[PDB]
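Engineer: Listed in order, the protein sequences are those of chains A and B.
Just so you know, we're using our numbering here: the first sequence kicks off at 1 and counts up by one.
Just so you know, we're using our numbering here: the second sequence kicks off at 1001 and counts up by one.
A virtual CB, placed ideally from N, CA and C, is assigned to each residue, including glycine.
Handing you a structure now.
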Amino acid sequence: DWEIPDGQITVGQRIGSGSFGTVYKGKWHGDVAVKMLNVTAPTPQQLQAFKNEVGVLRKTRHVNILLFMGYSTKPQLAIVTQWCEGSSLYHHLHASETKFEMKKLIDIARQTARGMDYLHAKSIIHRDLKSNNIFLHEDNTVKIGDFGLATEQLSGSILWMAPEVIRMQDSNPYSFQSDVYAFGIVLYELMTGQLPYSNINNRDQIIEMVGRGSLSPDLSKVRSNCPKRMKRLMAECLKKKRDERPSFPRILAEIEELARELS
Amino acid sequence: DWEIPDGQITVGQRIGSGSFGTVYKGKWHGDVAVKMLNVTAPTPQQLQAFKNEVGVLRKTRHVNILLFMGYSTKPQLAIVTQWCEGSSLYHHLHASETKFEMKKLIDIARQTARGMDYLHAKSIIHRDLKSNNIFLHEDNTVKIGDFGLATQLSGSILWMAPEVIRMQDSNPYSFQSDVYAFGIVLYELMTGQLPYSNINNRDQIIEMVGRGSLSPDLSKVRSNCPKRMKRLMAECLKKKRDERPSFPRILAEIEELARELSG
Ligand SMILES: C[C@@H](NC(=O)c1ncnc(N)c1Cl)c1ncc(C(=O)Nc2cc(C(F)(F)F)c(Cl)cn2)s1
Ligand SMILES: C[C@@H](NC(=O)c1ncnc(N)c1Cl)c1ncc(C(=O)Nc2cc(C(F)(F)F)c(Cl)cn2)s1
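Right under this line is the structure:
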């Protein structure tokens, strides 16, 4: 039972504010981060999202996954995790434009693959893996999490739903292969320093063209010192078909093998 | 269910042998440490000690406590934790040649109090807190555990409280016994030496401390030691258990002292 009684957490400075809840830096046996769900009376949808996100964080115990520490119910639905200093991988590659050596770029990819492999081993799909959700604790240790913001109908309405209405309410595209594709884009950001489709103006094109197998990230933007296995591993992780993308076991294996060759 | 099936962990080079079994550096979604009980037929006594140590490590989820990751039963009773680089606090203060600044010495005391408070909050008694069981992961993050051989001992007496020397059963182990152990750690941090370093043999240190006739020489503290620390150290080394403060009020004054130096 990881429930934290009301009165122990010392809510401090606010970190952000999303469509789900607000996040503060709290005091609880040290520095922690608390996502207070702005629900004085959570709806069953919001309550289920709370029980789902805590139920997933319970099964995680890894160096490269964000350390879950506890949750609260009174007087606000809250989730308490460790407090990490630094910035997100998106902030270092696309906002600050910090130059990482090729040694560290592979190390960040290795730790990310380590955390992702532990999730898939525990039968956990990230569903929203991106460089913004890859926090660099102390600018060294990679911490994977879901810092998201926007986190029944298939029952009483089923006798009247047309067949084509059921082609969109029983398909779950989120799978281990979808997380592999997300990891492939992260490899693109690490090895190119840019976001994919950087020459496209709007997102209306990027959505329809990528989903139809007509648009793929320009792999020629990789650095000159990029290892030839990284560009090949990146391409296999960005295959249009889901089955053609490799699994994280053999992904982490090739990255860790490349890491030991780089001194 | 944190049990790791047989065949996923790649046991590697032997590092040491602590607690019950020997400890190796293993491969399991990254670098991990595995303590395998090398007994093909463990006695129920050894099995119960295994079930107790995992039952306590399950209840731990803190930045300054060693991350438990899983256990094994086939073909050997094993415990899998994270793999941390660096050395123990005992190695840094009495073996290594580097002197830690007073800023970092207070930070090590803060992280130790943070981890110890989290243990006592979870109703967990360490029973054997000492600078040898305080690992400095990456020479920065303090990790508290029950190792044995991290990096003949003899001195494993110096952290036992006076009432712990008048043995009864499993009653002298209490939160006050761990507070006394923390006081000895404060002595090592603020003096750079072990307590009773001027005593020839161990025949005196055991009977004299247990009879309230021997206490660590507080005049051996450094000149730049804050006066708040010397008072907190003395109260943590009181002969009576009730006169020693609790880690809440211990961690409170340490973090309060830390913010006066960090700004
Ligand atoms: C309170 C807030 N903590 C911070 O924001 C924070 N923490 C450290 N350092 C900072 N600078 C900041 Cl700012 C958070 N509470 C829950 C968070 C979370 O990620 N849950 C989660 C994780 C997963 C994962 F398994 F993929 F990991 C999934 Cl699948 C689904 N949900 S994050
Ligand atoms: C597998 C082996 N790991 C290592 O040895 C190791 N790990 C990282 N880096 C290294 N260089 C090494 Cl060498 C371990 N398995 C269980 C360990 C342990 O401490 N259990 C424990 C913890 C507590 C606590 F609550 F106080 F935390 C208590 Cl009260 C009682 N028992 S340690």
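Quick check: is the beta carbon of residue 69 of chain A nearer than 7 Å to any beta carbon in chain B?
Structural biologist: Yes - at least one Cβ of chain B is within 7 Å of the one on residue 69 of chain A.
Engineer: For residue 82 of chain A, decide whether its Cβ has a neighbour in chain B, counting only Cβ atoms nearer than 7 Å.
Structural biologist: Chain B contact via Cβ: present.
Engineer: What does residue 271 of chain A reach in chain B if we use C-beta pairs closer than 7 Å?
Structural biologist: This structure cannot speak to residue 271 of chain A, because chain A is shown only from 1 to 263.
Engineer: Less than 7 Å between the beta carbons of residue 1137 of chain B and residue 1086 of chain B, yes or no?
Structural biologist: Yes; because the gap between Cβ atoms is below 7 Å, this pair is in contact.
Engineer: Could you give the DSSP three-state label for residue 274 of chain A: helix, strand or coil?
Structural biologist: There is no way to answer for residue 274 of chain A, as the model of chain A reaches only from 1 to 263.
Engineer: Measuring only the C-alpha atoms, how far is residue 264 of chain A from residue 74 of chain A?
Structural biologist: Any question about residue 264 of chain A goes unanswered here, given that chain A covers just 1 to 263.
Engineer: If you draw a straight line from the C-alpha of residue 1210 of chain B to the C-alpha of residue 1197 of chain B, how long is it?
Structural biologist: Going by the C-alpha atoms only, they are around 17 Å apart.
Engineer: Quickly, what does DSSP pair residue 1113 of chain B with across the bridge? List them, please.
Structural biologist: Looking at the DSSP assignment, residue 1113 of chain B forms no beta bridge with any residue, so it has no partner.
Engineer: Could you tell me whether any non-hydrogen atom of ligand 2 is closer than 6 Å to the CB of residue 1060 of chain B?
Structural biologist: True, at least one ligand heavy atom lies under 6 Å from that Cβ.
Engineer: Given residue 1180 of chain B, which residues of its chain have a CB within under 7 Å of its CB, disregarding the five upstream and five downstream residues?
Structural biologist: Here the set comprises 1161, 1236, 1237, 1244.
Engineer: Give the straight-line distance between the Cα atoms of residue 252 of chain A and residue 129 of chain A, rounded to the nearest whole angstrom.
Structural biologist: If you take the alpha carbons of residue 252 of chain A and residue 129 of chain A, they lie about 16 Å apart.
Engineer: Which residues in chain A sit within 7 Å of residue 1121 of chain B, going by Cβ to Cβ distance?
Structural biologist: Correct list: 29.
Engineer: Could you tell me the distance, in whole angstroms, from the CA atom of residue 1107 of chain B to the CA atom of residue 1096 of chain B?
Structural biologist: About 19 Å.
Engineer: For residue 1052 of chain B and residue 1115 of chain B, which I take to be in contact (beta-carbon distance under 8 Å), what is that distance rounded to the nearest angstrom?
Structural biologist: That pair is no contact at about 19 Å.
Engineer: Cα separation between residue 109 of chain A and residue 1217 of chain B?
Structural biologist: Near 51 Å, if we compare the C-alpha coordinates of residue 1217 of chain B and residue 109 of chain A.
Engineer: Just the Cα atoms here: how many angstroms apart are residue 1081 of chain B and residue 1036 of chain B?
Structural biologist: Between residue 1081 of chain B and residue 1036 of chain B, the C-alpha separation is close to 12 Å.
Engineer: Using Cβ-Cβ distances below 7 Å, what residues of the stretch 94 to 115 of chain A are close to chain E?
Structural biologist: Of the chains in the structure shown, none is chain E; the protein chains are A and B.
Engineer: Identify, in the order they occur along the chain, each residue of the same chain with its Cβ nearer than 8 Å to the Cβ of residue 1182 of chain B, setting aside the five sequence neighbours on each side.
Structural biologist: Correct list, in chain order: 1112, 1113, 1116, 1129, 1236, 1247, 1250.
Engineer: Along chain A, in chain order, which residues have C-beta atoms closer than 9 Å to that of residue 1034 of chain B?
Structural biologist: Here the premise fails: no neighbours, minimum Cβ distance about 14 Å.
Engineer: Does any heavy atom of ligand 1 sit closer than 6 Å to the C-beta of residue 1067 of chain B?
Structural biologist: The answer is no for residue 1067 of chain B.
Engineer: Could you check which residue in B:1028, B:1002, B:1039, B:1033 has the C-alpha nearest to that of residue 1020 of chain B?
Structural biologist: Among B:1028, B:1002, B:1039, B:1033, the Cα nearest to that of residue 1020 of chain B is on B:1039.
Engineer: From A:167, A:148, A:9, pick the residue whose C-alpha is nearest to that of residue 49 of chain A; which is it?
Structural biologist: With distances taken between Cα atoms, residue 49 of chain A lies closest to A:148.
Engineer: Assuming residue 1240 of chain B is part of the beta strand (DSSP E), what are its boundary residues?
Structural biologist: Here residue 1240 of chain B belongs to no beta strand (DSSP E), and DSSP marks it neither H nor E.
Engineer: For chain A, find out if any of its Cβ atoms is closer than 7 Å to the Cβ of residue 1061 of chain B; answer yes or no.
Structural biologist: Judged by the 7 Å Cβ criterion, residue 1061 of chain B is in contact with chain A.
Engineer: State the DSSP-derived secondary structure class of residue 120 of chain A, mapped to helix, strand or coil.
Structural biologist: The answer is helix: DSSP assigns residue 120 of chain A an H, G or I state.
Engineer: Can you pull out the residues from the stretch 1131 to 1142 of chain B whose beta carbon lies closer than 9 Å to at least one beta carbon of chain A?
Structural biologist: Under the 9 Å Cβ criterion, the stretch 1131 to 1142 of chain B contributes 1138, 1140, 1141.
Engineer: Enumerate in chain order the residues of its own chain whose CB-to-CB distance from residue 8 of chain A is below 7 Å, with the five nearest sequence positions on each side excluded.
Structural biologist: Counting only Cβ-Cβ distances below 7 Å, and skipping sequence neighbours, we find 28.
Engineer: The alpha helix (DSSP H) spanning residue 71 of chain A covers which residue range?
Structural biologist: Counting along the chain, residue 71 of chain A falls outside any alpha helix (DSSP H), though it belongs to the beta strand (DSSP E) covering 68 to 72.
Engineer: Using a Cβ-based criterion (distance less than 6 Å to any ligand heavy atom), does residue 81 of chain A qualify as near ligand 1?
Structural biologist: Yes, the Cβ of residue 81 of chain A comes within 6 Å of a heavy atom of ligand 1.
Engineer: Put residue 1059 of chain B into one of helix, strand or coil per three-state DSSP.
Structural biologist: Here residue 1059 of chain B sits in coil by DSSP.
Engineer: Could you name the residues of the same chain whose beta carbon sits closer than 6 Å to that of residue 1266 of chain B, not counting the 5 residues immediately before and after it, in chain order?
Structural biologist: Nothing can be reported for residue 1266 of chain B, as the shown portion of chain B is limited to 1001 through 1263.
Engineer: Find the residues of chain A that neighbour residue 1064 of chain B, judging by a C-beta separation of less than 9 Å, and give them in chain order.
Structural biologist: The contacting residues are 29, 30.
Engineer: When DSSP labels each residue in this structure, what does residue 1219 of chain B get in the three-state scheme?
Structural biologist: Three-state DSSP puts residue 1219 of chain B in a helix.
Engineer: Taking C-alpha atoms, which residue in A:76, A:43, A:94, A:69 lies nearest to residue 54 of chain A?
Structural biologist: Among A:76, A:43, A:94, A:69, the Cα nearest to that of residue 54 of chain A is on A:69.
Engineer: Under 8 Å Cβ to Cβ from residue 134 of chain A, same chain only, skipping five residues before and after it: list those, please.
Structural biologist: For residue 134 of chain A, where only same-chain residues beyond five positions count, the Cβ hits under 8 Å are 88, 89, 90, 108, 112, 142, 143, 144, 186.
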